[PDB]
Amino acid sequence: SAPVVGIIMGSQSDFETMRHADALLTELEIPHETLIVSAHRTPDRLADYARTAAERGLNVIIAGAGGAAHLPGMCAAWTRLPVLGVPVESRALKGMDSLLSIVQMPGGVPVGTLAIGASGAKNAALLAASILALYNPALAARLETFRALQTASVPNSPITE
């Protein structure tokens, strides 16, 4: 059970957001690694991580960062793997800086970007699951089950109290 998804983030504070991606991959039984890699404080670690990801058997990278969020884009610069980016909510600008720093990649090097915050982290895991489900029928079935339960769990009317 070698990892097929890598979850990386710039700092421990990012884990409050990125833990939601970690949890969801575990629930879908997707082998993964969850690591801290700082674009700005460990740039050589980042370069090494990204340029060896494919040969290590990783299939998808989920990268989370806030503020001037460069981790997902610089990861994608160094790997042909799909890289998904999660904008971590920032204090002053509430993730608008995080979002624009990740999604506005110029043509040539993509980052598939999800919503600001916890929703984006969960959706990055689900998008990674969708990608892997293309080749893995068991996982495809688990993902379709997840989506069916999601749909069946929506009540018909709200609770008033």
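One rule holds for the numbers: they count along the sequence shown, beginning at 1.
| field | Which of 87 to 95 and 68 to 76 has higher mean CA B factor, as the PDB entry lists it | value | 87 to 95 has the higher mean C-alpha B-factor.
| task | Please work out which of 29 to 37 and 110 to 118 has the higher mean CA B-factor as recorded in the PDB entry. | result | Stretch with the higher mean C-alpha B-factor: 29 to 37.
| When the modelled residues of the chain are sorted by Cα temperature factor, does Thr52 land in the lowest, middle or highest third? | Its C-alpha B-factor belongs to the highest third of this chain's values.
| task | Rank-wise, by C-alpha B-factor, drop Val154 into the lowest, middle or highest third of its chain. | result | Middle third - that is where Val154 ends up once the chain's C-alpha B-factors are sorted.
| Among modelled residues of the same chain, the CA temperature factor third for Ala21 | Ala21: CA B-factor falls in the lowest third of its chain.
| Third of chain Cα B-factors occupied by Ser101 | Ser101: CA B-factor falls in the lowest third of its chain.
| query | In terms of the chain's CA B-factor thirds, is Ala2 lowest, middle or highest? | reply | As the PDB entry reports it, the C-alpha B-factor of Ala2 lands in the highest third of its chain.
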